[PDB]
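Chemist: There's a structure below that I have some questions on.
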Amino acid sequence: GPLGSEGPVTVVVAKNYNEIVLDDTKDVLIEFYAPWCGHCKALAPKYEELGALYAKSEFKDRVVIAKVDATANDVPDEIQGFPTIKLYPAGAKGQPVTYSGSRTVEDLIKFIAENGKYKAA
């Protein structure tokens with residue numbers, strides 16, 4: 001009620017980065033960004049919306065969309081910059097998709113269900 005915002009997306013830190021992305025029993029969506037980057041700010045509200053969208057509405061107990069920062073944490077995966085979007089298909093621990101630049105939200109959603117093994121959408 002009084003507090004509806006705050007903590008909208010799932011949090012993934014080096015302390016639980018592996019346990020999460022590893023979870024093949026469910027759909028995982030990790031997005032890396034920088035707290036100083038501007039382009040990331042615009043993608044912040046977008047990725048945050050769709051995140052909680054299915055995270056609780058459709059795949060409440062099947063999908064997990066979290067966002068990590070390149071400042072300090074696990075992030076074993078390499079990055080050219082940051083504005084990155086990876087999707088781990090449930091059951092396929094070796095087929096993470098890599099976005100070449102988010103253009104819209106409709107594309108990010110259709111991707112999770114397209115590349116995602118669980119079809120989180």
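Here, A, B, ... name the chains of the structure tokens in the order displayed, residue numbers run from 1 inside each chain, and ligands are numbered from 1 in the same displayed order.
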If you run DSSP on the backbone here, which positions in chain A get alpha helix (DSSP H)? Please write them as a ChimeraX atom specification.
Modeler: /A:17-22,38-56,105-115
Chemist: If you count only C-alpha atoms, which residues fall within 9 Å of stretch 73-81 of chain A, apart from same-chain ones fewer than 4 positions away, as a list in words?
Modeler: residues 12, 13, 14, 15, 16, 17, 18, 32, 33, 34, 68 and 69 of chain A
Chemist: In terms of the shortest atom-to-atom distance over only C-alpha atoms, which of A:82, A:88, A:111, A:59 is closest to residue A:41?
Modeler: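 Among the listed residues, the smallest separation from residue A:41 belongs to A:82.
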Chemist: Could you list, with a cut-off of 9 Å and counting only C-alpha atoms, the residues of stretch 33-86 of chain A near stretch 99-103 of chain A, each shown with its nearest atom pair and the distance in Å rounded to one decimal, rows sorted by chain and ascending number, as a Markdown table?
Modeler:
| residue | atom | partner | partner_atom | distance |
| --- | --- | --- | --- | --- |
| A:43 | CA | A:102 | CA | 7.8 |
| A:83 | CA | A:101 | CA | 7.2 |
| A:84 | CA | A:99 | CA | 6.4 |
| A:85 | CA | A:99 | CA | 5.4 |
| A:86 | CA | A:99 | CA | 6.9 |
Chemist: For the residues in that selection, give me C-alpha atoms as an mmCIF file, in the first residue's frame.
Modeler:
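Output (out_3.cif):
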data_model
loop_
_atom_site.group_PDB
_atom_site.id
_atom_site.type_symbol
_atom_site.label_atom_id
_atom_site.label_comp_id
_atom_site.auth_asym_id
_atom_site.auth_seq_id
_atom_site.Cartn_x
_atom_site.Cartn_y
_atom_site.Cartn_z
ATOM 1 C CA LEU A 43 17.096 1.200 -20.008
ATOM 2 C CA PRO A 83 24.239 -2.166 -21.546
ATOM 3 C CA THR A 84 24.069 -5.876 -21.815
ATOM 4 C CA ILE A 85 21.164 -8.305 -21.734
ATOM 5 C CA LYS A 86 21.709 -12.044 -21.294
#
Chemist: What lies within 12 Å of residue A:50 using only C-alpha atoms, ignoring chain neighbours under 2 positions off, as a PyMOL selection string?
Modeler: chain A and resi 8-10+29+43-48+52-59+63-67+104-112+120-121
Chemist: Calculated over only C-alpha atoms, which of the candidates A:92, A:70, A:87, A:113 has the smallest distance to residue A:37?
Modeler: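 The answer is A:70, which sits nearest to residue A:37.
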Chemist: Using only C-alpha atoms, which of A:6, A:28, A:71, A:61 sits nearest residue A:95?
Modeler: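 Of all the options, A:28 lies closest to residue A:95.
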Chemist: What is the atom CA of residue A:5-atom CA of residue A:40 distance in Å, reported with one decimal?
Modeler: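 Those two atoms sit 19.5 Å apart.
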Chemist: Of the candidates A:42, A:51, A:27, A:62, which shows the shortest atom-to-atom distance to residue A:11, using only C-alpha atoms?
Modeler: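 Smallest separation from residue A:11 among the options: A:51.
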